[PDB]
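Taken in sequence, the protein lines are chains A and B. Residues 447 to 599, 612 to 722 in the authors' numbering are what the first sequence lists, from first letter to last. Residues 447 to 599, 612 to 722 in the authors' numbering are what the second sequence lists, from first letter to last. For each residue, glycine too, the CB sits at the ideal point set by N, CA and C. Remarks on the structure that follows.
Protein chains: 2
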Amino acid sequence: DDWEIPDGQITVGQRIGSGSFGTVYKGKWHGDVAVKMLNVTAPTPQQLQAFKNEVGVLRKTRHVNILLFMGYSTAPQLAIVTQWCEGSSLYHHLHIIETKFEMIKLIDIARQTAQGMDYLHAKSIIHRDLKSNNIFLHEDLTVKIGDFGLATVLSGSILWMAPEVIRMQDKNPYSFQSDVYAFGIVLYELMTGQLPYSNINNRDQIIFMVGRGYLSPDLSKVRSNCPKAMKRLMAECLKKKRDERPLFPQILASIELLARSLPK
Amino acid sequence: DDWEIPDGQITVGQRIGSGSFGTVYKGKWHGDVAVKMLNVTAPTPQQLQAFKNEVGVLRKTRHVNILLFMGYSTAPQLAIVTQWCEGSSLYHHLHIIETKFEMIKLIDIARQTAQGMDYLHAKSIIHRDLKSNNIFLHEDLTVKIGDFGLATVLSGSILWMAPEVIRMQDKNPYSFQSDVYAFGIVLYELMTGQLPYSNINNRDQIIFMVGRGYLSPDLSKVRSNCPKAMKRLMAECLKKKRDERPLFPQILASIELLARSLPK
Ligand SMILES: CNC(=O)c1cc(Oc2ccc(NC(=O)Nc3ccc(Cl)c(C(F)(F)F)c3)cc2)ccn1
Ligand SMILES: CNC(=O)c1cc(Oc2ccc(NC(=O)Nc3ccc(Cl)c(C(F)(F)F)c3)cc2)ccn1
Ligand SMILES: [Cl-]
Numbered sequence: 447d448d449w450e451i452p453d454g455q456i457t458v459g460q461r462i463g464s465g466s467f468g469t470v471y472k473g474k475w476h477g478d479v480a481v482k483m484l485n486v487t488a489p490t491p492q493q494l495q496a497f498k499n500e501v502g503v504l505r506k507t508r509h510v511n512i513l514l515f516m517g518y519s520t521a522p523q524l525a526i527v528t529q530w531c532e533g534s535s536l537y538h539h540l541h542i543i544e545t546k547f548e549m550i551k552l553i554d555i556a557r558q559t560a561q562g563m564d565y566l567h568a569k570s571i572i573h574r575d576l577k578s579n580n581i582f583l584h585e586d587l588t589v590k591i592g593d594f595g596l597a598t599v612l613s614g615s616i617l618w619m620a621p622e623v624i625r626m627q628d629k630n631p632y633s634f635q636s637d638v639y640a641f642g643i644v645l646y647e648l649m650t651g652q653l654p655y656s657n658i659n660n661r662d663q664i665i666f667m668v669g670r671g672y673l674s675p676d677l678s679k680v681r682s683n684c685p686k687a688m689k690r691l692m693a694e695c696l697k698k699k700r701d702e703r704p705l706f707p708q709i710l711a712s713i714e715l716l717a718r719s720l721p722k
Numbered sequence: 447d448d449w450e451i452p453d454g455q456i457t458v459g460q461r462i463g464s465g466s467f468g469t470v471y472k473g474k475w476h477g478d479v480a481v482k483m484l485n486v487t488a489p490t491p492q493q494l495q496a497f498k499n500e501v502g503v504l505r506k507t508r509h510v511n512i513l514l515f516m517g518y519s520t521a522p523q524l525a526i527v528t529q530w531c532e533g534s535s536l537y538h539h540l541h542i543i544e545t546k547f548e549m550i551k552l553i554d555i556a557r558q559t560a561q562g563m564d565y566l567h568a569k570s571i572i573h574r575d576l577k578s579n580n581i582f583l584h585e586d587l588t589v590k591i592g593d594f595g596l597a598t599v612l613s614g615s616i617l618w619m620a621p622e623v624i625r626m627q628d629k630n631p632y633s634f635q636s637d638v639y640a641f642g643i644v645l646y647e648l649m650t651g652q653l654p655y656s657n658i659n660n661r662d663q664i665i666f667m668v669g670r671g672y673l674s675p676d677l678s679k680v681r682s683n684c685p686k687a688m689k690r691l692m693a694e695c696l697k698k699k700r701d702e703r704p705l706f707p708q709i710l711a712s713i714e715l716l717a718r719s720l721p722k
C-alpha cells in the first residue's frame with residue numbers, strides 16, 4: 447500500500463545517534479517513534495537507492511520480533527519511521543552495563559532472536575549484519591531485530619562474520635548460513651557475556667586468522683550453568699564450513715526443545 | 447505488497463473463542479500467533495466481503511498500540527493471522543478478575559489506547575466498536591486495540619454507544635466522535651473500576667434513556683486519586699452532543715500533559 451507520511455506530521459525530538467551515513471532521533475508520531483534520516487540535503491544517487499532498499503525490506507516485515515516499520519517520508523529530507531524501543535541493545539546489556547541475566551532469560555532471548563531470523567529468512571531476507579548490537583531488548587522483555595547501524599550504508615563487524623565472508627567468495631558470500639554464523643556469535647555472547655577474541659588486539663590478524671580457520675571462538679568460556687544442548691547448538695552454528703551450518707527452522711526447534719526441559 | 451500465507455504453513459492449535467460469525471484459535475506460524483476463521487465452509491457473498499474489509503483495514507495499520515496483522519489466508523478456508531497477545535482484555539481485568547491497577551497504570555493504559563485511536567483515525571479508520579473488551583493488555587503492559595468480537599459480522615455493546623448511535627440517525631451514525639464517546643466510557647471504567655448504569659437492570663430502559671439524554675455515566679464515582687484534568691477529559695468525551703466531543707489528537711495531548719505532572 448502507501449506508507450508515506452505527510453510532512454509536518456513527524457515531530458523530531460532528541461538526537462539518539464549519529465553515524466557516517468544517517469542520523470537517528472527519538473520522535474513523535476502517534477506516540478513515541480524513532481526517525482532515521484540521511485541529514486545530507488543532497489540525495490546521492492546511491493543514497494536514494496539504499497533508502498529504497500531499507501524501506502522495501504522493512505515494509506515486507508510484520509513480526510513481533512522484528513523492529514516495527516511505521517512508515518517512510520520522502521518529504522523534506524528522506525527518513526524512516528519505526529516504533530520506539532525502550533531499553534538497550536543486547537550488546538549494551540552484555541558488554542557495557544554488564545547485566546546478569548538468568549539462564550532461562552538468556553535461552554529466551556536466543557529463542558526470540560531465532561524466531562525473528564527464521565521469519566526474515568522465510569521472507570527471503572538476509573540480514574548480513576546480525577549482531578548483539580542489532581538485537582534490542584524492548585522493555586527488557588521481547589527481542590527486536592533490526593539494523594541500528596549508521597556507520598555502514612569502510613566499517614565492519616568482523617566478530618560476527620563467517621569465514622567465507624571474511625575471505626571473499628564470488629560477489630555474494632552471504633547466505634542463510636552466513637546469518638546462522640552471526641547468530642552463533644550472538645549465542646557466544648549470551649553464554650559467555652563477552653565478545654570473541656578479546657585477547658587479540660589486532661583487527662587484521664583476527665580477519666586473516668578467522669578467514670583461514672586458524673582462529674575460532676573459545677567455547678570453553680560458556681557459563682557453567684549453560685545447558686549442553688545449547689553449547690552444542692552454538693558449535694554447530696559456528697562451523698567454519700558454510701554447508702555444515704543448520705538453518706533457523708532447525709535452530710529454533712533445538713532451542714524450544716531444551717527450553718521446555720529447563721525450568722526444573 | 448502480498449501477505450497471503452501459503453496453506454499448510456499455519457498450525458491451528460487450541461480454540462480460544464467461538465462466535466456467531468467466525469472462530470479464533472491460538473496457532474503457530476513463526477512463533478505464537480492467533481488465527482480467526484469463518485469455519486463456515488460456504489463463503490457467503492457477504493462473508494467474503496467482510497473478510498476483505500477486515501484484512502483491508504488491518505494491512506493499513508502499523509502501530510505498537512494496534513493488534514499486529516501478520517497475514518491472511520484465502521487457502522482452504524478464509525482466515526486472518528495476527529500476533530498472539532499474552533494476557534487479558536481490559537474488560538476482563540476490570541470486571542471479571544477485578545484487578546486493582548495503580549492510578550499511574552490506569553492513566554498509562556488510557557494514554558496508550560488514545561495513542562492507538564489517534565493512529566486509526568489518522569488513517570481515516572473508524573473503529574465503531576471500541577470497548578474495554580477490545581482493549582488488550584499485552585503482558586499486563588502495552589495496549590493492543592483490535593476487534594476481538596465474534597458475535598457480529612443482534613448482540614450489541616450498548617454501554618459504549620454514543621447517544622446518536624443508540625438512537626438511529628441517518629444510515630451511518632458512526633464517526634470519529636462516536637469512537638471518542640466509547641473511549642469516554644473506557645476512561646469511566648479505568649477511573650471507577652465499574653461498568654456504567656450498574657444500578658439499572660433493563661437494557662431497553664438504558665437504551666431508551668441514554669438515547670434521549672435522560673441517562674449518562676455517573677462521574678461522581680471516579681477514584682478519589684483521579685486527577686482533575688482526567689475527570690474533565692472524560693466528561694468532554696462523553697458529551698451527549700456529537701460535535702462537542704474532542705478528537706483524539708487533542709485527547710492524546712491532554713493525557714500526555716497531565717501525565718508529565720503526575721509521578722511526584
Ligand atoms: C532507545 N532505543 C532506541 O535507540 C531505538 C532506536 C531505533 O532506531 C532505529 C530506527 C530505524 C532502524 N532501521 C532498521 O531497523 N532497518 C532494517 C534494515 C534491514 C533489515 Cl534486513 C531490517 C530487518 F532486519 F529488521 F528486517 C531492518 C533501526 C533503529 C528504533 C527503536 N528504538
Ligand atoms: C490470549 N488472548 C487471545 O485470545 C488473543 C486473541 C487474538 O485473536 C484475534 C484474532 C484476530 C483479530 N482481528 C481483529 O482485531 N481486527 C480488526 C478489525 C477492524 C479494526 Cl478497525 C481493527 C483495528 F481496530 F485493530 F484496527 C481490527 C482479533 C483477535 C489475538 C491476540 N491474542
Ligand atoms: Cl504492510
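Residues bridged to residue i (per DSSP)
{"i": "B/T598", "result": "In DSSP, B/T598 forms no bridge with anything."}
{"i": "B/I571", "result": "Paired residues: none, contrary to the question."}
{"i": "A/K472", "result": "A/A480"}
{"i": "A/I512", "result": "A/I591"}
Option nearest residue i by Cα separation, candidates the options
{"i": "B/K551", "options": "B/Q561, B/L648 and B/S674", "result": "B/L648"}
{"i": "B/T490", "options": "B/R508, B/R661 and B/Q523", "result": "B/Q523"}
{"i": "A/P675", "options": "A/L617, A/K722 and A/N683", "result": "A/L617"}
{"i": "B/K697", "options": "B/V680, B/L715, B/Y655 and B/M619", "result": "B/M619"}
{"i": "B/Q492", "options": "B/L705, B/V599 and B/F634", "result": "B/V599"}
{"i": "B/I571", "options": "B/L536, B/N499 and B/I643", "result": "B/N499"}
{"i": "B/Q558", "options": "B/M667, B/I591 and B/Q627", "result": "B/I591"}
{"i": "A/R681", "options": "A/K546, A/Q455 and A/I456", "result": "A/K546"}
{"i": "B/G477", "options": "B/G463, B/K506 and B/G459", "result": "B/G459"}
{"i": "B/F641", "options": "B/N659, B/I624, B/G669 and B/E694", "result": "B/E694"}
{"i": "A/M688", "options": "A/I462, A/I553 and A/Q529", "result": "A/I553"}
{"i": "A/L587", "options": "A/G533, A/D628, A/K569 and A/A597", "result": "A/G533"}
{"i": "B/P721", "options": "B/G562, B/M692, B/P685 and B/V668", "result": "B/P685"}
{"i": "B/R670", "options": "B/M563, B/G463, B/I624 and B/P654", "result": "B/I624"}
{"i": "B/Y639", "options": "B/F497, B/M563, B/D448 and B/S719", "result": "B/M563"}
{"i": "A/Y632", "options": "A/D701, A/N659 and A/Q663", "result": "A/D701"}
{"i": "A/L536", "options": "A/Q635, A/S712 and A/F594", "result": "A/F594"}
{"i": "B/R461", "options": "B/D453, B/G454, B/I451 and B/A480", "result": "B/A480"}
{"i": "A/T457", "options": "A/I526, A/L514, A/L504 and A/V486", "result": "A/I526"}
{"i": "B/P452", "options": "A/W475, A/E548, A/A568 and A/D628", "result": "A/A568"}
{"i": "A/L716", "options": "A/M549, A/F497 and A/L504", "result": "A/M549"}
{"i": "A/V668", "options": "A/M626, A/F515, A/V589 and A/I713", "result": "A/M626"}
{"i": "B/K699", "options": "B/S656, B/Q635, B/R718 and B/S712", "result": "B/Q635"}
Contact test: residue i Cβ vs ligand 3 heavy atom, cutoff 7 Å
{"i": "B/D448", "result": "no"}
{"i": "B/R703", "result": "no"}
{"i": "B/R557", "result": "no"}
{"i": "B/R625", "result": "no"}
Rounded straight-line distance, which links the Cα of residue j to that of residue i
{"i": "B/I581", "j": "B/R690", "result": "22 Å"}
{"i": "A/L710", "j": "A/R703", "result": "13 Å"}
{"i": "A/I512", "j": "A/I665", "result": "30 Å"}
{"i": "A/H538", "j": "A/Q652", "result": "11 Å"}
{"i": "A/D637", "j": "B/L566", "result": "36 Å"}
{"i": "A/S678", "j": "A/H584", "result": "30 Å"}
{"i": "B/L705", "j": "B/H573", "result": "14 Å"}
{"i": "B/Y672", "j": "B/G614", "result": "20 Å"}
{"i": "A/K482", "j": "A/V470", "result": "4 Å"}
{"i": "A/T650", "j": "A/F467", "result": "32 Å"}
{"i": "A/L576", "j": "A/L540", "result": "16 Å"}
{"i": "A/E544", "j": "A/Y646", "result": "15 Å"}
{"i": "A/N630", "j": "A/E622", "result": "10 Å"}
Presumed contact (8 Å Cβ cut-off) between residue i and residue j, rounded CB distance
{"i": "A/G473", "j": "B/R508", "result": "Contact doesn't hold; Cβ gap of about 15 Å is too wide."}
{"i": "A/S578", "j": "A/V510", "result": "The Cβ separation is near 19 Å, so there is no contact."}
Proximity test, residue i beta-carbon vs ligand 1 heavy atom, cut-off 7 Å
{"i": "A/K482", "result": "yes"}
{"i": "A/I526", "result": "yes"}
{"i": "A/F594", "result": "yes"}
{"i": "A/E500", "result": "yes"}
{"i": "A/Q523", "result": "no"}
{"i": "B/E622", "result": "no"}
Residue i beta carbon near ligand 5 (any heavy atom closer than 7 Å)
{"i": "B/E585", "result": "Ligand 5 is absent from the structure shown, which contains only ligand 1, ligand 2 and ligand 3."}
Contact test: residue i Cβ vs ligand 2 heavy atom, cutoff 7 Å
{"i": "B/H538", "result": "no"}
{"i": "A/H476", "result": "no"}
{"i": "B/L566", "result": "yes"}
{"i": "B/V638", "result": "no"}
{"i": "B/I512", "result": "yes"}
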